[PDB]
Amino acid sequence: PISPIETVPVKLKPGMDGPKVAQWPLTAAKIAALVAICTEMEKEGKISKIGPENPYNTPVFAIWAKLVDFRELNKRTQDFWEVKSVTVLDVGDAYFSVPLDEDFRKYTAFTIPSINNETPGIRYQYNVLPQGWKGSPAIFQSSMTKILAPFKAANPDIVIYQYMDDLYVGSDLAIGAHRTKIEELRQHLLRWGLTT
């Protein structure tokens, strides 16, 4: 889903405009692939079609996994403040549940190419943290930290540590009472839109 957390305000570096990078033609398999991916993403509110008033563009590609090449956007984006039983929870896909600042969404515009240069191509922008964008790790870690604050309070007998994309949970609880804690954690995250 999309987490009910407030967005972090983000800006381009001073005197900078958004990227306008031309999209590489894609393999017909790749385009059909992206179209299915984006369709669900749109259905889920993760991305939105955009109008002629958005002039920006960043190249995407498929690998099916959609990949965005935010090289150019990353250069124009402000800097961020970069910061026994053990379970490692993969929260990599939970980026797509954290809202992206509304005023910044327009800079993430991308185009899925049209088959055979026929149609114009569908334009979308992100409503959530895109992967590979400069500020996602820092905004995600920060949001994750606020979401976990109440859980850590109630369970100070557990060490929750995040290396980006992974949540490391450790405790000296027996394998059963620890596994139960992992499950209470997963349900708490779920309350907040994050699925793990």
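Start at 1 with the first residue shown and count on from there.
Undergrad: Can you count, per the entry, how many deposited residues between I63 and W64 come without coordinates? Answer none, 1 to 3, 4 to 9, or 10 or more.
TA: Some 4 to 9 residues are missing between them.
Undergrad: What size is the break between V88 and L89 in terms of deposited sequence residues left without coordinates: none, 1 to 3, 4 to 9, or 10 or more?
TA: In the record, the chain runs straight from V88 to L89 with none unmodelled.
Undergrad: So which stretch wins on mean C-alpha B-factor, 91-99 or 70-78?
TA: Mean CA B-factor is higher for 91-99.
Undergrad: Please work out which of 54-62 and 159-167 has the higher mean CA B-factor as recorded in the PDB entry.
TA: Result: 159-167.
Undergrad: Per the entry, which of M16, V21, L185, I175 tops the list for Cα B factor?
TA: Top of the list by C-alpha B-factor: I175.
Undergrad: Could you tell me which one of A28, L129, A36, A138 shows the highest CA temperature factor in the PDB record?
TA: Answer, based on the entry's C-alpha B-factors: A28.
Undergrad: Would you mind ranking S114 by its C-alpha B-factor against the rest of the chain and naming the third, lowest, middle or highest?
TA: Highest third.
Undergrad: Among the modelled residues of its chain, does the C-alpha B-factor of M144 lie in the lowest, middle or highest third?
TA: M144: CA B-factor falls in the middle third of its chain.
Undergrad: Is the Cα B-factor recorded for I47 in the lowest, middle or highest third of its chain?
TA: Its C-alpha B-factor belongs to the lowest third of this chain's values.
Undergrad: Looking at the entry's B-factor column for C-alpha atoms only, identify whether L189 ranks in the lowest, middle or highest third of its chain.
TA: It belongs to the middle third of the chain when residues are ordered by C-alpha B-factor.
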